[PDB]
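Asks: Take a look at the following structure, please.
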Amino acid sequence: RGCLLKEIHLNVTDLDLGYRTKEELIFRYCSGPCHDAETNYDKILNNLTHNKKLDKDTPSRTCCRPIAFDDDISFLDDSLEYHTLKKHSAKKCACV
Amino acid sequence: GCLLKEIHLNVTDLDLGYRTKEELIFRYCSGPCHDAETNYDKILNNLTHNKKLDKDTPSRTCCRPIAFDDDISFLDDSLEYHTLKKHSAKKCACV
Amino acid sequence: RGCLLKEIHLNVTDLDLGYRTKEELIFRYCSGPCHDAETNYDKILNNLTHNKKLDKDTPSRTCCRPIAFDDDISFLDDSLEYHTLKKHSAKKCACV
Amino acid sequence: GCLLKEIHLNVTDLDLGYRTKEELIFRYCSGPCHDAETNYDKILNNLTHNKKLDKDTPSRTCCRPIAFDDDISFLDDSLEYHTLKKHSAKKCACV
Amino acid sequence: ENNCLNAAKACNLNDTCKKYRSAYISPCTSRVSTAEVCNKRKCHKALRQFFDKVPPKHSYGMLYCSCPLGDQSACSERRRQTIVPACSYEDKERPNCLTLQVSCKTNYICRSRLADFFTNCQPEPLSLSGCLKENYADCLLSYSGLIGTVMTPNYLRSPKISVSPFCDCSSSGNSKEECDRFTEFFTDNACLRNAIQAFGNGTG
Amino acid sequence: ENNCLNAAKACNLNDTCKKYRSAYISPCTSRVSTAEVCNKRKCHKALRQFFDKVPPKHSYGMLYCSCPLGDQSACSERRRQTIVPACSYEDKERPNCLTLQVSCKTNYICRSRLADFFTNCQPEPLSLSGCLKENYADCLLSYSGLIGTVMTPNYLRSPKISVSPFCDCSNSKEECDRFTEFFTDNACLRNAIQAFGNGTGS
Ligand SMILES: *[C@@H]1O[C@H](CO[C@@H]2O[C@@H](C)[C@@H](O)[C@@H](O)[C@@H]2O)[C@@H](O[C@@H]2O[C@H](CO)[C@@H](O)[C@H](O)[C@H]2NC(C)=O)[C@H](O)[C@H]1NC(C)=O
Ligand SMILES: *[C@@H]1O[C@H](CO)[C@@H](O[C@@H]2O[C@H](CO)[C@@H](O)[C@H](O)[C@H]2NC(C)=O)[C@H](O)[C@H]1NC(C)=O
Ligand SMILES: *[C@@H]1O[C@H](CO)[C@@H](O)[C@H](O)[C@H]1NC(C)=O
Ligand SMILES: *[C@@H]1O[C@H](CO)[C@@H](O)[C@H](O)[C@H]1NC(C)=O
Ligand SMILES: *[C@@H]1O[C@H](CO)[C@@H](O)[C@H](O)[C@H]1NC(C)=O
């Protein structure tokens, strides 16, 4: 648990991707604590950073990220042209 | 980008509470995953910039291990055996 | 061949399961003697208990029990609210 | 709850009529089966309290063996062999 | 006491009816989320399966049970709950009947049943029976054929028998006349009313 | 706001309508070559799929959305682009209507969809509804059922509501004028499209 999917209603313009339209969308993202799913690999990384054994590198630990992307969404812009977006929302999450 | 690195260490360099003079080879993932970002990542940055997602702070691409290395065992000063599993990375990838 | 399946016609209220309804049902149970299916294990338990070798453990001998439960039953109570019961009647018996 | 127990006995302590000095280990099932209760059981308890069922006393969940142990053979005083089957429990379960 | 309750008694004492009655009660009553009260799709699929495999003596004997006055009696309410209306009938949104006719006409099975209903339950004021086609049985089946579909009908809380689908004629536009003719064929139809009453008369 | 723009919003917010709307926009908006603007065959197959899977409240709410009757209104333009006419409707050569009927009648599905259209959308000046058959729904479906065939119709730019296939009429010509008039000026079709819009709007 913890790592969980959350939803929001936005204008297409709220994504600030440069489009010019009045359409709307529903955006889903992954957010939550992934402390419960840490491996010995993660603990070692945390102890190496504390003791500065690994001099400079900053390896990453468990991340709450999407493992499945949502269906594609299409919209119509002010100039009567069609645009389609892929991999814009998350369908399923996991501590990975 | 997301590449695997090696680092020779003691078994006590891991600060896991073990008592031994044994040694190990530790492999970790470190690299940029910028060339593998998607619309989902760009949307998150833009929403966190204008602060539409005021409370939360979701994660973008993470250079993480997708397969762990083999197990490692060692003997301590008290002549007791210990085995670790999932302690080093075998292969990395942008997740 | 002695552990048989018997039938009884009852009110739902005759089961005293807390319901208030005028619906009816057919209840089926197992009853019979399992002396024909006893093994060395049973007659050992009978003797050991007589000798009191076993410290009041009183293990159970062969029982005439169901091996297959009947279909579920649903009824409507006096308050116009639906209920359903599972594993209430016996479809097949056997000396277990 | 329904568990398996062991006892060390003589073939004579079973009072099956045998005359021998051989020994054995007898395993049986004993424990409670309240966790494996079904409505069918409860209905039987409520009907026996009342007198709906006529002198039937049906049986509720029993703690019984679901698998018997290997056979056992012994030699009696008269230099004769006997073999017993389905005499000890190998696996128990609420039935 | 109540012909409608005697129909249930006969059903639970019939192995085939008992099995399939519970088959549709459980899905239409088992919640799946704080928002959803049931899996409406699986609920309708069990209803249709109930009227297909349960013999008609028992299945329809419960749906058309004879009640003195189907308004606010125990007999009337037991009959209203036969299809579990909280799951199969009602809904969060009440559609316009034009949109509901379009939705039914896309699906082949719904279209055929709706066409058979308006053909076989046509009323005729000059007929002693009330039905133009002069066959109660053909009208009952056609109506029952709409239960599990998007056009699920159920008894309304009225003095006399009144059934309807879950649709309304809110539009004040000129289409209100064609919408009224659709609902009136369900609500006030002397052929369907005589058939339902006629069947309960027989299984009483 | 436009009833058409609100319908598109309601589609994107419905997972089923969003998925299948994107399913037909992509092929009709993906260029296969410099000469060919799209895989018209795959564009038509995705349109038909959109009207079969999406519930009618959304699918037909966008197609038959209510406009203010303003000439070249934003709603009307949005509604006109509903089918991606640049790929499904338009074509290099405008055929004669006699030849287009022969093509539609060779394909069993188009033939039936056309027969169902004429039968169910017959006008009647005497009828208050305008339809001889007196069922708007049966006329709306028969029309939409043509949206994925060679006889694909789409709105024309007029002050009124006019729909036409991609055909033109030029020995005998009156029979061809009757065919085009059945789409362009049919009081049964016009009244139905303005009935659904009244119901699925506010
Ligand atoms: C099903 O229930 C009926 C009704 O229960 C009776 O009335 C209750 C108020 C209570 O007093 C119960 O103890 C009663 O049994 C049963 O039918 C009645 O049975 C009694 C006992 O013989 C008899 O005197 C009544 O005339 C019966 N009919 C009535 C009360 O209307 C019936 O036995 C139960 N079992 C079935 C139907 O299988
Ligand atoms: C088999 O029987 C013998 C008796 O013949 C049991 O041995 C006796 O055990 C008790 C309790 O320790 C002693 O007080 C006796 O002196 C024993 N008798 C002899 C002759 O040694 C023996 O315990 C039995 N076998 C098992 C497994 O219990
Ligand atoms: C959508 O756009 C309107 C107009 O800019 C804005 O007020 C609104 O907050 C946006 N988001 C939602 C969910 O309506
Ligand atoms: C291992 O331990 C020794 C001291 O016992 C230390 O000098 C050495 O640096 C350690 N290994 C590494 C890789 O540093
Ligand atoms: C739709 O509503 C308008 C406005 O009331 C009305 O003039 C028109 O006749 C209606 N069309 C229908 C119901 O088909």
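Each chain in the structure tokens gets a letter, A, B and so on, in the order shown; residues start at 1 in every chain, and ligands are counted from 1 in the order they appear.
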List all protein, DNA and RNA residues that have any atom at most 10 Å from ligand 3, counting only C-alpha atoms and all ligand atoms, and write the list as a VMD selection string.
Replies: chain A and resid 8 to 14 22 to 26
Asks: If we count only C-alpha atoms and set the cut-off at 12 Å, which residues sit around residue 41 in chain A, ignoring sequence neighbours fewer than 3 positions away in its own chain? Please answer as a PyMOL selection string.
Replies: (chain A and resi 37-38+44-48+59-62) or (chain B and resi 14+16+26-29+64-69+71+84-90)
Asks: Counting only C-alpha atoms and all ligand atoms, figure out which residue out of B:6, B:54, B:23, B:15 gets nearest to ligand 4.
Replies: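 The closest residue to ligand 4 is B:23.
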Asks: With only C-alpha atoms and all ligand atoms counted, collect every polymer residue having an atom within 7 Å of ligand 5; state the result as a ChimeraX atom specification.
Replies: /E:172-176 /F:191-192,194-195,198
Asks: With chain C held fixed, move chain A onto it by a least-squares fit of all C-alpha atoms in order and give the output as a short mmCIF file (atom, residue, chain, number, x, y, z; two decimals) with N, CA, C and O atoms, in the first residue's frame.
Replies:
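For reference, out-v2.cif as written:
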```cif
data_model
loop_
_atom_site.label_atom_id
_atom_site.label_comp_id
_atom_site.auth_asym_id
_atom_site.auth_seq_id
_atom_site.Cartn_x
_atom_site.Cartn_y
_atom_site.Cartn_z
N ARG A 1 -23.66 -47.77 3.46
CA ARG A 1 -25.02 -47.34 3.78
C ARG A 1 -25.09 -46.83 5.22
O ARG A 1 -24.06 -46.57 5.85
N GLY A 2 -26.31 -46.70 5.73
CA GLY A 2 -26.51 -46.17 7.07
C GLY A 2 -26.49 -44.66 7.09
O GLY A 2 -27.54 -44.02 7.23
N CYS A 3 -25.31 -44.07 6.94
CA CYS A 3 -25.20 -42.63 6.77
C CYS A 3 -26.03 -42.21 5.56
O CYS A 3 -25.74 -42.61 4.43
N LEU A 4 -27.07 -41.43 5.81
CA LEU A 4 -28.08 -41.15 4.80
C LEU A 4 -28.61 -39.74 4.99
O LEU A 4 -28.56 -39.17 6.08
N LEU A 5 -29.15 -39.18 3.90
CA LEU A 5 -29.66 -37.82 3.89
C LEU A 5 -31.16 -37.84 4.16
O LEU A 5 -31.90 -38.63 3.56
N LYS A 6 -31.60 -36.96 5.06
CA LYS A 6 -33.01 -36.85 5.44
C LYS A 6 -33.45 -35.41 5.28
O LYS A 6 -32.65 -34.48 5.42
N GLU A 7 -34.74 -35.22 4.99
CA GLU A 7 -35.28 -33.93 4.62
C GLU A 7 -36.41 -33.52 5.56
O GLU A 7 -37.00 -34.36 6.25
N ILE A 8 -36.69 -32.22 5.59
CA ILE A 8 -37.71 -31.67 6.48
C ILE A 8 -38.17 -30.34 5.90
O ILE A 8 -37.38 -29.61 5.30
N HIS A 9 -39.45 -30.03 6.10
CA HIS A 9 -40.03 -28.74 5.71
C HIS A 9 -40.16 -27.88 6.95
O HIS A 9 -40.74 -28.31 7.96
N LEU A 10 -39.63 -26.66 6.89
CA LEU A 10 -39.59 -25.77 8.04
C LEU A 10 -39.94 -24.35 7.60
O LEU A 10 -39.77 -23.98 6.44
N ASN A 11 -40.45 -23.56 8.54
CA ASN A 11 -40.46 -22.12 8.33
C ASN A 11 -39.02 -21.59 8.41
O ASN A 11 -38.16 -22.18 9.07
N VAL A 12 -38.77 -20.45 7.76
CA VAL A 12 -37.47 -19.81 7.91
C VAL A 12 -37.24 -19.40 9.36
O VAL A 12 -36.09 -19.31 9.81
N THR A 13 -38.32 -19.15 10.10
CA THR A 13 -38.19 -18.78 11.51
C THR A 13 -37.88 -19.97 12.40
O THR A 13 -37.35 -19.78 13.50
N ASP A 14 -38.18 -21.19 11.95
CA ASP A 14 -37.91 -22.37 12.76
C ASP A 14 -36.41 -22.61 12.94
O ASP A 14 -36.02 -23.29 13.90
N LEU A 15 -35.58 -22.08 12.05
CA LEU A 15 -34.13 -22.20 12.21
C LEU A 15 -33.60 -21.31 13.33
O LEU A 15 -32.45 -21.49 13.74
N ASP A 16 -34.39 -20.35 13.81
CA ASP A 16 -34.04 -19.55 14.98
C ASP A 16 -32.74 -18.78 14.76
O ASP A 16 -31.92 -18.64 15.67
N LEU A 17 -32.56 -18.26 13.55
CA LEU A 17 -31.36 -17.51 13.19
C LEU A 17 -31.54 -16.01 13.33
O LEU A 17 -30.62 -15.25 13.02
N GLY A 18 -32.71 -15.55 13.78
CA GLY A 18 -32.96 -14.14 14.00
C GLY A 18 -33.69 -13.42 12.89
O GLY A 18 -33.96 -12.22 13.03
N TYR A 19 -34.02 -14.11 11.80
CA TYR A 19 -34.71 -13.47 10.69
C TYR A 19 -36.19 -13.27 11.02
O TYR A 19 -36.76 -13.94 11.89
N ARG A 20 -36.81 -12.33 10.31
CA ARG A 20 -38.22 -11.99 10.47
C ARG A 20 -38.88 -12.13 9.10
O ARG A 20 -38.87 -11.19 8.30
N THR A 21 -39.45 -13.30 8.83
CA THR A 21 -40.06 -13.55 7.53
C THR A 21 -41.04 -14.70 7.65
O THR A 21 -41.02 -15.47 8.62
N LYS A 22 -41.91 -14.82 6.65
CA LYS A 22 -42.89 -15.90 6.56
C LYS A 22 -42.53 -16.93 5.50
O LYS A 22 -43.28 -17.90 5.32
N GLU A 23 -41.41 -16.76 4.81
CA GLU A 23 -40.99 -17.71 3.79
C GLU A 23 -40.73 -19.08 4.42
O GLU A 23 -40.71 -19.25 5.64
N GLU A 24 -40.51 -20.07 3.55
CA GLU A 24 -40.33 -21.45 3.97
C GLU A 24 -39.17 -22.06 3.20
O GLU A 24 -38.65 -21.48 2.24
N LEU A 25 -38.75 -23.25 3.64
CA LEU A 25 -37.54 -23.87 3.13
C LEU A 25 -37.63 -25.39 3.28
O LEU A 25 -38.54 -25.92 3.92
N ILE A 26 -36.66 -26.08 2.69
CA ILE A 26 -36.50 -27.52 2.84
C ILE A 26 -35.06 -27.78 3.27
O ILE A 26 -34.12 -27.44 2.54
N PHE A 27 -34.89 -28.39 4.44
CA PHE A 27 -33.58 -28.57 5.06
C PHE A 27 -33.18 -30.04 4.99
O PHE A 27 -33.99 -30.92 5.29
N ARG A 28 -31.94 -30.29 4.57
CA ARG A 28 -31.42 -31.64 4.42
C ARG A 28 -30.19 -31.81 5.31
O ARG A 28 -29.32 -30.93 5.36
N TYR A 29 -30.13 -32.94 6.01
CA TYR A 29 -29.04 -33.22 6.93
C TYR A 29 -28.62 -34.67 6.80
O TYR A 29 -29.34 -35.50 6.23
N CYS A 30 -27.44 -34.98 7.33
CA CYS A 30 -26.89 -36.33 7.33
C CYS A 30 -27.09 -36.98 8.69
O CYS A 30 -26.85 -36.36 9.73
N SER A 31 -27.53 -38.24 8.67
CA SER A 31 -27.76 -38.99 9.90
C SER A 31 -27.73 -40.47 9.58
O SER A 31 -28.36 -40.91 8.61
N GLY A 32 -27.00 -41.24 10.38
CA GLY A 32 -26.92 -42.67 10.20
C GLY A 32 -25.72 -43.28 10.89
O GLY A 32 -24.79 -42.58 11.31
N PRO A 33 -25.72 -44.60 11.03
CA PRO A 33 -24.59 -45.28 11.70
C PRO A 33 -23.39 -45.41 10.77
O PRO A 33 -23.53 -45.79 9.60
N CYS A 34 -22.21 -45.08 11.29
CA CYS A 34 -20.95 -45.23 10.57
C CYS A 34 -20.06 -46.30 11.20
O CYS A 34 -18.83 -46.21 11.15
N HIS A 35 -20.68 -47.32 11.80
CA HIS A 35 -19.89 -48.40 12.39
C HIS A 35 -19.19 -49.22 11.31
O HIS A 35 -18.06 -49.68 11.51
N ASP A 36 -19.83 -49.40 10.16
CA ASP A 36 -19.30 -50.28 9.13
C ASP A 36 -18.02 -49.75 8.50
O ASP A 36 -17.29 -50.53 7.87
N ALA A 37 -17.72 -48.46 8.66
CA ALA A 37 -16.58 -47.84 8.00
C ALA A 37 -15.50 -47.41 8.99
O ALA A 37 -14.83 -46.39 8.79
N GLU A 38 -15.30 -48.18 10.05
CA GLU A 38 -14.27 -47.88 11.03
C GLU A 38 -12.95 -48.50 10.60
O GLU A 38 -12.91 -49.64 10.12
N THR A 39 -11.86 -47.75 10.78
CA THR A 39 -10.52 -48.21 10.46
C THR A 39 -9.85 -48.76 11.71
O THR A 39 -10.35 -48.63 12.83
N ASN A 40 -8.68 -49.38 11.51
CA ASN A 40 -7.86 -49.77 12.66
C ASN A 40 -7.59 -48.57 13.56
O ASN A 40 -7.46 -48.72 14.78
N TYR A 41 -7.50 -47.37 12.97
CA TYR A 41 -7.33 -46.16 13.77
C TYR A 41 -8.48 -45.97 14.75
O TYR A 41 -8.26 -45.59 15.90
N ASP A 42 -9.71 -46.25 14.31
CA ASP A 42 -10.86 -46.08 15.19
C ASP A 42 -10.87 -47.12 16.29
O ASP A 42 -11.10 -46.80 17.47
N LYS A 43 -10.62 -48.39 15.95
CA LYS A 43 -10.59 -49.43 16.97
C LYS A 43 -9.56 -49.11 18.04
O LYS A 43 -9.83 -49.20 19.24
N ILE A 44 -8.35 -48.71 17.61
CA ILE A 44 -7.31 -48.34 18.57
C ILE A 44 -7.80 -47.23 19.49
O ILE A 44 -7.60 -47.28 20.71
N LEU A 45 -8.46 -46.22 18.93
CA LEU A 45 -8.98 -45.14 19.75
C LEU A 45 -9.99 -45.66 20.78
O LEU A 45 -9.99 -45.22 21.93
N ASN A 46 -10.84 -46.60 20.37
CA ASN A 46 -11.85 -47.12 21.29
C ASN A 46 -11.20 -47.94 22.41
O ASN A 46 -11.65 -47.89 23.56
N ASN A 47 -10.15 -48.70 22.08
CA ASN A 47 -9.47 -49.49 23.10
C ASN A 47 -8.62 -48.62 24.02
O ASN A 47 -8.46 -48.94 25.20
N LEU A 48 -8.07 -47.52 23.50
CA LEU A 48 -7.29 -46.62 24.34
C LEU A 48 -8.18 -45.88 25.34
O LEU A 48 -7.79 -45.68 26.49
N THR A 49 -9.38 -45.47 24.91
CA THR A 49 -10.29 -44.80 25.82
C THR A 49 -10.79 -45.76 26.90
O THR A 49 -10.89 -45.38 28.07
N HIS A 50 -11.11 -47.00 26.52
CA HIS A 50 -11.55 -47.99 27.50
C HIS A 50 -10.48 -48.23 28.55
O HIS A 50 -10.74 -48.16 29.76
N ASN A 51 -9.25 -48.52 28.12
CA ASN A 51 -8.14 -48.77 29.03
C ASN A 51 -7.51 -47.48 29.54
O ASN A 51 -6.48 -47.54 30.23
N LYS A 52 -8.09 -46.32 29.23
CA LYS A 52 -7.63 -45.03 29.75
C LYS A 52 -6.15 -44.81 29.45
O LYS A 52 -5.46 -44.09 30.18
N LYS A 53 -5.65 -45.41 28.37
CA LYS A 53 -4.26 -45.17 27.98
C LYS A 53 -4.06 -43.71 27.61
O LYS A 53 -3.15 -43.05 28.12
N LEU A 54 -4.91 -43.18 26.74
CA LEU A 54 -4.94 -41.74 26.46
C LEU A 54 -5.64 -41.07 27.64
O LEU A 54 -6.86 -41.18 27.80
N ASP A 55 -4.86 -40.36 28.46
CA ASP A 55 -5.32 -39.98 29.79
C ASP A 55 -6.58 -39.12 29.74
O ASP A 55 -7.57 -39.41 30.43
N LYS A 56 -6.56 -38.06 28.94
CA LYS A 56 -7.64 -37.08 28.98
C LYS A 56 -8.30 -36.84 27.63
O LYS A 56 -9.53 -36.74 27.57
N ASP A 57 -7.52 -36.73 26.55
CA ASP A 57 -8.08 -36.39 25.25
C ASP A 57 -9.23 -37.33 24.90
O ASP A 57 -9.27 -38.49 25.33
N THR A 58 -10.17 -36.82 24.11
CA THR A 58 -11.34 -37.57 23.66
C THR A 58 -11.42 -37.49 22.14
O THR A 58 -12.32 -36.84 21.58
N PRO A 59 -10.50 -38.15 21.44
CA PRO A 59 -10.53 -38.12 19.97
C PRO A 59 -11.85 -38.65 19.43
O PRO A 59 -12.53 -39.46 20.07
N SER A 60 -12.22 -38.17 18.25
CA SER A 60 -13.47 -38.52 17.61
C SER A 60 -13.26 -39.64 16.59
O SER A 60 -12.20 -39.75 15.97
N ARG A 61 -14.28 -40.47 16.44
CA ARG A 61 -14.27 -41.58 15.50
C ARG A 61 -15.04 -41.18 14.25
O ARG A 61 -15.37 -40.00 14.04
N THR A 62 -15.34 -42.15 13.39
CA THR A 62 -16.03 -41.86 12.14
C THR A 62 -17.31 -41.08 12.41
O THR A 62 -18.06 -41.39 13.35
N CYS A 63 -17.56 -40.07 11.59
CA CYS A 63 -18.74 -39.22 11.71
C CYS A 63 -19.54 -39.26 10.42
O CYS A 63 -18.97 -39.26 9.32
N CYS A 64 -20.86 -39.30 10.55
CA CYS A 64 -21.77 -39.18 9.42
C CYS A 64 -22.01 -37.69 9.18
O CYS A 64 -22.82 -37.06 9.87
N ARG A 65 -21.30 -37.14 8.21
CA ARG A 65 -21.25 -35.70 7.96
C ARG A 65 -21.41 -35.42 6.48
O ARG A 65 -21.18 -36.30 5.64
N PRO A 66 -21.81 -34.20 6.12
CA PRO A 66 -22.00 -33.87 4.70
C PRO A 66 -20.67 -33.62 4.00
O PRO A 66 -19.79 -32.93 4.52
N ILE A 67 -20.53 -34.21 2.81
CA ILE A 67 -19.37 -33.97 1.96
C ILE A 67 -19.67 -32.98 0.84
O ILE A 67 -18.75 -32.59 0.11
N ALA A 68 -20.93 -32.57 0.69
CA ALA A 68 -21.31 -31.59 -0.33
C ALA A 68 -22.46 -30.77 0.23
O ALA A 68 -23.40 -31.33 0.81
N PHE A 69 -22.38 -29.45 0.08
CA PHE A 69 -23.42 -28.55 0.56
C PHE A 69 -24.40 -28.23 -0.56
O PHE A 69 -24.07 -28.29 -1.75
N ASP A 70 -25.62 -27.87 -0.16
CA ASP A 70 -26.70 -27.63 -1.10
C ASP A 70 -26.61 -26.23 -1.70
O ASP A 70 -25.88 -25.36 -1.21
N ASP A 71 -27.37 -26.02 -2.77
CA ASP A 71 -27.42 -24.71 -3.40
C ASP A 71 -27.91 -23.65 -2.41
O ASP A 71 -28.55 -23.96 -1.40
N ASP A 72 -27.62 -22.40 -2.73
CA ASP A 72 -27.97 -21.29 -1.85
C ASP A 72 -29.45 -20.98 -1.94
O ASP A 72 -30.10 -21.20 -2.97
N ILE A 73 -29.99 -20.44 -0.85
CA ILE A 73 -31.40 -20.09 -0.74
C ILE A 73 -31.51 -18.63 -0.33
O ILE A 73 -30.75 -18.16 0.52
N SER A 74 -32.46 -17.92 -0.94
CA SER A 74 -32.72 -16.52 -0.63
C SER A 74 -34.18 -16.35 -0.27
O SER A 74 -35.05 -17.08 -0.76
N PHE A 75 -34.46 -15.36 0.59
CA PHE A 75 -35.81 -15.10 1.03
C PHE A 75 -35.98 -13.60 1.26
O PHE A 75 -35.01 -12.85 1.34
N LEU A 76 -37.24 -13.18 1.37
CA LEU A 76 -37.61 -11.79 1.59
C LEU A 76 -38.23 -11.66 2.98
O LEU A 76 -39.09 -12.45 3.36
N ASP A 77 -37.79 -10.65 3.73
CA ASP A 77 -38.22 -10.46 5.10
C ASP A 77 -39.35 -9.44 5.18
O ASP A 77 -39.73 -8.80 4.19
N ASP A 78 -39.90 -9.29 6.39
CA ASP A 78 -41.04 -8.40 6.58
C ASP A 78 -40.70 -6.96 6.26
O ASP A 78 -41.59 -6.18 5.88
N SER A 79 -39.44 -6.57 6.40
CA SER A 79 -39.01 -5.20 6.14
C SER A 79 -38.63 -4.97 4.68
O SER A 79 -37.90 -4.02 4.38
N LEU A 80 -39.11 -5.82 3.77
CA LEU A 80 -38.86 -5.66 2.34
C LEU A 80 -37.36 -5.61 2.03
O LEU A 80 -36.92 -4.87 1.15
N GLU A 81 -36.58 -6.39 2.76
CA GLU A 81 -35.16 -6.55 2.52
C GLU A 81 -34.85 -8.01 2.22
O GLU A 81 -35.51 -8.92 2.72
N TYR A 82 -33.83 -8.22 1.39
CA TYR A 82 -33.46 -9.55 0.94
C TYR A 82 -32.31 -10.11 1.76
O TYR A 82 -31.39 -9.37 2.14
N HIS A 83 -32.37 -11.41 2.05
CA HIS A 83 -31.32 -12.12 2.75
C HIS A 83 -31.00 -13.40 1.98
O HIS A 83 -31.89 -14.03 1.40
N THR A 84 -29.72 -13.77 1.96
CA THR A 84 -29.27 -14.98 1.30
C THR A 84 -28.45 -15.81 2.27
O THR A 84 -27.68 -15.27 3.07
N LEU A 85 -28.63 -17.13 2.21
CA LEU A 85 -27.93 -18.06 3.09
C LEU A 85 -27.12 -19.05 2.26
O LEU A 85 -27.59 -19.53 1.22
N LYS A 86 -25.90 -19.34 2.71
CA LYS A 86 -25.02 -20.29 2.07
C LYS A 86 -24.67 -21.40 3.05
O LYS A 86 -24.57 -21.17 4.26
N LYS A 87 -24.48 -22.61 2.52
CA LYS A 87 -24.10 -23.77 3.32
C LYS A 87 -25.12 -24.03 4.43
O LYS A 87 -24.77 -24.25 5.59
N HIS A 88 -26.40 -24.00 4.05
CA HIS A 88 -27.48 -24.24 4.99
C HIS A 88 -27.98 -25.68 4.98
O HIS A 88 -28.48 -26.15 6.00
N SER A 89 -27.85 -26.37 3.85
CA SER A 89 -28.34 -27.73 3.70
C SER A 89 -27.25 -28.61 3.09
O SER A 89 -26.29 -28.12 2.50
N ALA A 90 -27.42 -29.92 3.24
CA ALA A 90 -26.46 -30.90 2.75
C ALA A 90 -26.97 -31.51 1.45
O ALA A 90 -28.13 -31.92 1.36
N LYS A 91 -26.09 -31.58 0.45
CA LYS A 91 -26.40 -32.18 -0.84
C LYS A 91 -25.98 -33.64 -0.94
O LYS A 91 -26.67 -34.43 -1.57
N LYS A 92 -24.86 -34.01 -0.32
CA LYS A 92 -24.37 -35.38 -0.33
C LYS A 92 -23.69 -35.67 1.00
O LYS A 92 -23.09 -34.78 1.61
N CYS A 93 -23.79 -36.92 1.45
CA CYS A 93 -23.22 -37.35 2.71
C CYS A 93 -22.19 -38.46 2.49
O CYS A 93 -22.02 -38.97 1.38
N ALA A 94 -21.52 -38.84 3.58
CA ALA A 94 -20.56 -39.94 3.57
C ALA A 94 -20.01 -40.18 4.97
O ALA A 94 -19.91 -39.24 5.77
N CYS A 95 -19.66 -41.43 5.28
CA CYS A 95 -19.01 -41.76 6.55
C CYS A 95 -17.55 -41.34 6.45
O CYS A 95 -16.73 -42.01 5.83
N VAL A 96 -17.22 -40.21 7.08
CA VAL A 96 -15.88 -39.65 6.98
C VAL A 96 -15.53 -38.92 8.27
O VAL A 96 -15.13 -39.53 9.26
#
```
Asks: Around ligand 2, out to 9 Å and counting only C-alpha atoms and all ligand atoms, which residues are there? I want them as a list in words.
Replies: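 Residues lying within 9 Å of ligand 2: residues 7, 8, 9, 10, 11, 12, 13, 21, 22, 23, 24 and 25 of chain D.
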Asks: Restrict the selected residues to C-alpha atoms and save them as a compact mmCIF listing (two decimals), in the first residue's frame.
Replies:
```txt
# COMPACT_ATOMS: atom_id res chain seq x y z
CA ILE D 7 2.15 -41.76 21.73
CA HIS D 8 4.59 -44.64 22.29
CA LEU D 9 2.76 -47.88 23.06
CA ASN D 10 3.05 -51.66 22.90
CA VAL D 11 1.05 -53.71 20.39
CA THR D 12 -0.49 -55.17 23.55
CA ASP D 13 -1.58 -51.75 24.87
CA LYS D 21 6.57 -57.74 22.67
CA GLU D 22 6.81 -55.49 19.60
CA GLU D 23 6.23 -51.74 19.91
CA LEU D 24 4.73 -48.96 17.80
CA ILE D 25 4.01 -45.24 17.57
```
Asks: Calculated over only C-alpha atoms and all ligand atoms, which of the candidates D:63, D:92, D:78, D:52 has the smallest distance to ligand 1?
Replies: D:52
Asks: Run DSSP on the backbone and grab whatever in chain B lands in strand (DSSP E); send it over as a ChimeraX atom specification.
Replies: /B:3-10,23-30,63-68,72-75,81-84,89-94
Asks: What parts of chain D does DSSP call helix (DSSP H, G or I)? I'd like the answer as a PyMOL selection string.
Replies: chain D and resi 39-49
Asks: Measure the distance from CA of residue 43 in chain E to CA of residue 28 in chain E in Å and round it to one decimal.
Replies: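 Spanning CA of residue 43 in chain E to CA of residue 28 in chain E is a straight-line distance of 4.8 Å.
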Asks: Which residues are close to residue 24 in chain E, i.e. within 7 Å by only C-alpha atoms, leaving aside same-chain residues fewer than 2 positions away? Reply as a list in words.
Replies: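 Here the answer would be residues 20, 21, 22, 26, 27, 28, 43, 46 and 47 of chain E.
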Asks: As a VMD selection string, please: the residues near residue 83 in chain E (cut-off 12 Å, only C-alpha atoms, same-chain neighbours under 2 positions excluded).
Replies: (chain C and resid 82) or (chain E and resid 21 to 22 24 to 29 40 43 to 48 50 to 51 59 to 60 62 to 64 77 to 81 85 to 90 144 146 to 148 152 to 155)
Asks: Select, as a ChimeraX atom specification, those residues of chain F with any atom no more than 12 Å from chain E (distances computed using only C-alpha atoms).
Replies: /F:51-61,64,127-131,133-142,144-145,191-202
Asks: Of the residues D:46, D:5, D:33, D:91, which is the one nearest to chain C, using only C-alpha atoms?
Replies: D:46
